[PDB]
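Here's the structure, in structure tokens; my notes come after.
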Ligand SMILES: *[C@@H]1O[C@H](CO)[C@@H](O)[C@H](O)[C@H]1NC(C)=O
Ligand SMILES: *[C@@H]1O[C@H](CO)[C@@H](O)[C@H](O)[C@H]1NC(C)=O
Ligand SMILES: *[C@@H]1O[C@H](CO)[C@@H](O)[C@H](O)[C@H]1NC(C)=O
Ligand SMILES: *[C@@H]1O[C@H](CO)[C@@H](O)[C@H](O)[C@H]1NC(C)=O
Ligand SMILES: *[C@@H]1O[C@H](CO)[C@@H](O)[C@H](O)[C@H]1NC(C)=O
Ligand SMILES: *[C@@H]1O[C@H](CO)[C@@H](O)[C@H](O)[C@H]1NC(C)=O
Ligand SMILES: *[C@@H]1O[C@H](CO)[C@@H](O)[C@H](O)[C@H]1NC(C)=O
Ligand SMILES: *[C@@H]1O[C@H](CO)[C@@H](O)[C@H](O)[C@H]1NC(C)=O
Ligand SMILES: *[C@@H]1O[C@H](CO)[C@@H](O)[C@H](O)[C@H]1NC(C)=O
């Protein structure tokens, strides 16, 4: 934990000898953040929010790139019974980006 | 032949590039040095100056597999002088021309039984305004019932006309001439969109590519980015709703005069198939040395 | 990506020359920025190396920026083994980072941060001392070392070079000889693992322990143990 | 049948001795300070601690091998490098005067980037090797200074200019290089007086023989290629960390921060498990590969010590020991 | 269980070639400077090795070289070879040793230690001269 | 192996020519094995050799 | 080259009389010469 237990984090030691232990654990921690790529307008997800929801064999898909998405105004107009995600997560609707 | 090691016809990568690195990359690639699907555009018949009957081919009734996209070379034979296609006794200069595209997943027979009829919504692309405009629509074609029409009597084939005295003059461009030339046979129903593009005219040869996938149709042109180099750079994305399995080229004709018949280049079309290349990107980022794996 | 309040401290110039984090709208991680001229294709803005790491970006004003990424301090710490002297070494860097802005869990300064700029970089926990020890077994990189010596702090030292007895080359027919006048008997001892312990085990006790359901199920793989 | 013309051909042999002593971290490389990773790495624990202790021990084995080969090459007595060494021999490229010219052009010719030993972070600031944190590992600066190596090379060079006359590894009676190589040519079985009526001719052919290789240092000389192949193998070793973060091995994405920022605990448990097993197996294979190269380097450095002990500081006895035919 | 036995056998195999090469080298060691006294530099013992000793051990062999190590190096004046000016072909080359001038004048010393003793034919050879040798006519060996 | 889907590589040099090397070595070891040196050839009759 | 498989391979201008001890050769010509410094062993 401190600096010396960090050395003795695998076994137990004693008093007075010579020996090199160049193993280490620290890092120069970040102190800054940038959140741009250029600019962005909002993609309209109202076409999903409006219109007739078509059948399962005729599912209607929309693609979004080079824009902005705001999930705060979208799930507020939803009533989700269940939300599962295979090898992705429901919690990543508006945090990570692709 | 098309030489990849001579940097002929390599699609630019989608969202990432390199600098002075040699590395392999998968993708959709054509075959090296093919015969292609070479077609030439010849002007219609003329007796002096007056508008007369066409002069076109049976390429209006020949089909090739879309596979995974296709690429078109423009003006490769241009800036030269060869025999006029309609007039073998005439030898004139060679000028670049641009092709019209029709796409769909169904091939059927025409009214006279000749194959080539396309069912449901069809993707139609057309250069216009002496090649300035790039009009397109994934809409429903409707042939008419008149003489020499695909749903009418005396039907033989189809093409598009051009009167450059009324179109390729100073300004004008004759109320999108080539679009109405294609609409002289056809009407549009159940339509979706109408996209135009703004491209200058010159006499420097160029590449073009067109493909489709789950995220729509994508069109790549080198006119927007690289002139002194030249690679298929992504410029257009079209909102298609299905997967296209067949492609074909609309033949184009010109209302020329008889005396000064100026021919056009024989453009080449190459199909795209899943493959891997090796790319040697220099410091500039332009595709100048690549090679196949197969 | 979703929107955010920007203010001033979100520009490349707002964090130039700093080890910061980056989120290029999906390309995220920790990066550094340096002002550079137009390298590569301008239209892409997303240029990667041979090992899939962003190396630059074309800004909106037209200034290019090399992305050499937020390389940390090159991390090392040394402890003289079980003599209570441990101190940290920073590879080939100035002492521009100090004992304030860390994280991890914690760091123990013990007694009483403090630059120990050295050829290996920036050391904390030492004190400068021009000491020359040839037979030291606690190297600190390049030619840096420490003295074993005999509730304080730890001192600096150098990996000394044993200079040979220098003899001047003579173009004349006479020459000077260097001769040892005292002799000893050094003992060089070595060990060679000529024979390993010849240990064997079978598949019915180590792998099966003689259980009958185990015994019948083991024959499905069967000749594997054989 | 004995030939009436003789030349001195040059054989170029490289043997790799010292892998760069790369070290990798349980904490920073594997985990990168992510709290679920922080609370999940410990119950794995002994695995990565065992392999990093193993690489520590292998690195120390390399270090003691380096110390032993320095003790072997440390001549007890030596001569300073003199101006105009060799007399008529224009051996300007070989002389050391900080750094020697021949190894300097070898450094330039071999595709080497600077391993940032003095302003490496500043080099990363202003403008591969800098990816040492980006992939995540740490190679130490070498055991010796470049001047420490220069002193060793100058010491052995001065020694072999004198110990090519008489056996006995204790006393030093440095011959001028001319008379030394005359006695060497007497040792290989050529009489003195033919050399003694042709000082200038043998000197000129000797100088063109010693000027042959730096003109011939190109793709044809296989030794330069095997130097570059050793360098490329070190590059592949570091690439085996660099690319393998991207190699998901059934995972989703390379960025562990994006892994944890996306995935929920009841599924990121299995995903971080997939991550940790993929990375631990890759590091196991990695440390296996360089431990194999470690005893390979041990035997190679022992053989190189024998080679500098036999046909460098003495006259050899094995037929074609270090040269093509009569070295 | 069985794949960590696969692993076990695999690393047993690795230690098997390691011990095979080790046994080859070790029997080479017990041949060279243990039975006879070879002339290799540091190949079996660090420093100028003299005598070696061999003991078994329940997992290998332990080797004990005892060898002369020098100390107290001092400067004296030696020579390379003495040939007569009138008779250049007569030269004395010291067998495994060097020259000295003390005049208790040229005498012999070994290659290891400051042990001067007068010029004897018993530890020298005759070799043809060179252009860079030494001549004298006032005091010559028999 | 082609049925198994691989190809062992053949000897890139012929059997009679390694036979020629071995014959040359049998001749050579008489020549070199009398006095140190690798230049010339010193073929003693093998009885005397 | 009649009964082949896989995808593609081509040949430049002229199946010559190339029956060698290794087998049969395509793309060479019959010439028995001496190479004492061969670097690319066929
Ligand atoms: C690009 O790579 C070549 C090949 O090594 C090299 O010679 C050239 O210097 C590189 N370009 C730059 C700008 O360094
Ligand atoms: C251009 O074509 C469109 C068909 O999409 C047509 O409606 C329009 O009238 C044409 N332009 C002119 C100037 O007529
Ligand atoms: C367009 O075509 C679709 C496909 O059958 C059809 O459902 C739709 O009614 C059509 N739209 C019209 C005729 O306006
Ligand atoms: C299209 O090009 C013409 C060329 O004169 C230009 O006048 C016009 O502004 C352009 N339009 C667009 C939208 O770029
Ligand atoms: C350490 O002290 C010595 C002697 O005073 C001095 O020469 C040297 O510059 C000091 N080291 C540094 C980094 O200043
Ligand atoms: C040689 O050195 C050792 C080292 O301690 C010393 O004990 C011994 O007396 C020395 N012998 C002579 C003759 O100086
Ligand atoms: C040996 O051959 C070389 C190369 O042709 C030539 O320059 C030299 O003069 C020759 N020497 C003798 C002694 O024939
Ligand atoms: C010695 O060699 C160097 C490098 O080839 C050359 O520059 C120099 O002029 C040479 N000197 C003599 C005296 O030949
Ligand atoms: C080349 O021609 C000679 C003479 O006819 C013949 O002996 C030899 O077998 C030929 N080689 C090949 C490969 O056919």
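Protein chains in written order, with the deposited numbering: chain A, 341 to 438; chain B, 47 to 340; chain C, 585 to 696, 704 to 741, 754 to 829; chain D, 781 to 877, 886 to 915, 923 to 1122; chain E, 1074 to 1177, 1183 to 1220; chain F, 927 to 975; chain G, 683 to 696, 704 to 731. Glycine included, C-beta positions come from ideal geometry on N, C-alpha and C.
- Pairing residue 174/B with residue 235/B, the inter-Cα distance amounts to about 21 Å.
- Residue range 116-120 is occupied by the beta strand (DSSP E) that includes residue 117/B.
- Taking 6 Å as the cut-off, one finds no heavy atom of ligand 7 near enough to the beta carbon of residue 1002/D.
- Counting along the chain, the unbroken alpha helix (DSSP H) around residue 1086/E starts and ends at 1076-1105.
- Residue 761/C: member of the beta strand (DSSP E) spanning 760-762, first to last residue.
- Secondary structure at residue 128/B: strand, using DSSP grouped into helix, strand and coil.
- The nearest non-hydrogen atom of ligand 3 is 6 Å or more from the C-beta of residue 66/B.
- Residue 1118/D is outside the set of residues whose beta carbon lies under 7 Å from a beta carbon in chain F.
- In this model, residue 955/F and residue 899/D are separated by some 44 Å (Cα to Cα).
- A distance of 7 Å or more separates the beta carbons of residue 262/B and residue 278/B.
- Annotation for residue 735/C: 709, 710, 711, 759, 760, 761 and 762 place their beta carbon closer than 8 Å to its own, counting only its chain and skipping 5 residues before and after.
- Of all residues in the region 958-970 of chain F, only 958, 962, 963, 964, 965, 966 and 967 come within less than 8 Å of chain D when Cβ atoms are compared, listed by chain position.
- As computed with DSSP, residue 1138/E is found in a beta bridge with 791/C and 1125/E.
- Among the residues of chain A, those whose CB is under 9 Å from the CB of residue 1047/D are 427 and 428, following chain order.
- Contact between residue 933/D and residue 659/C holds, with the beta-carbon distance rounding to 6 Å and staying under 8 Å.
- Beta-bridge annotation (DSSP): residue 253/B is paired with 119/B.
- Every beta strand (DSSP E) stretch that sits fully inside the region 248-330 of chain B and reaches 3 residues is listed by chain position as 252-259, 262-267, 280-284, 292-296, 312-317 and 319-327.
- Counting along the chain, residue 336/B sits inside the beta strand (DSSP E) bounded by residues 336-338.
- Using a 10 angstroms sphere on the CB of residue 805/D, the tally of other CB atoms reaches 16 or more, which defines it as buried.
- Inter-segment contact for the region 123-133 of chain B and the region 273-289 of chain B is absent: fewer than three beta-carbon pairs are separated by less than 8 Å.
- Just so you know, the alpha carbons of residue 799/C and residue 837/D end up roughly 21 Å apart.
- Ordered along the chain, residues surrounding ligand 9 are 706/G, 707/G, 708/G, 709/G and 719/G [Cβ under 6 Å from any heavy atom].
- Taken through DSSP and simplified to helix, strand or coil, residue 774/C comes out as coil.
- Burial of residue 672/C is indicated by the presence of at least 16 other C-beta atoms within 10 angstroms of its C-beta.
- Neighbours of residue 271/B in chain C, taken as residues at a C-beta separation under 7 Å, are given in chain order as 627.
- Using a CB distance below 8 Å, the part of the region 843-871 of chain D facing chain E consists of 848, 851, 852, 856 and 857, ordered along the chain.
- If you check each beta-carbon in the region 776-793 of chain C against every beta-carbon of chain E, the ones closer than 8 Å belong to 776, 777, 778, 779, 780, 781, 782, 783, 784, 785, 786, 787, 788, 789, 790, 791, 792 and 793.
- Using beta-carbon distances, residue 1169/E counts as an interface residue toward chain D, with a partner under 7 Å.
- In this structure, residue 1139/E lies near residue 788/C, with their beta-carbon atoms less than 7 Å apart.
- Residue 771/C sits exposed, since fewer than 16 C-beta atoms from the chains shown fall within 10 Å of its C-beta.
- Collapsing the DSSP output to three states places residue 739/C in coil.
- The C-beta of residue 665/C comes closer than 7 Å to at least one C-beta of chain A.
- The alpha-carbon of residue 783/C is positioned some 14 Å away from that of residue 1120/E.
- When C-beta atoms of the region 308-321 of chain B are compared with those of the region 65-77 of chain B, three or more pairs fall below 8 Å, so the two segments count as touching.
- At a cut-off of 7 Å between beta carbons, residue 610/C contacts chain A.
- As computed with DSSP, residue 235/B is found in a beta bridge with 186/B.
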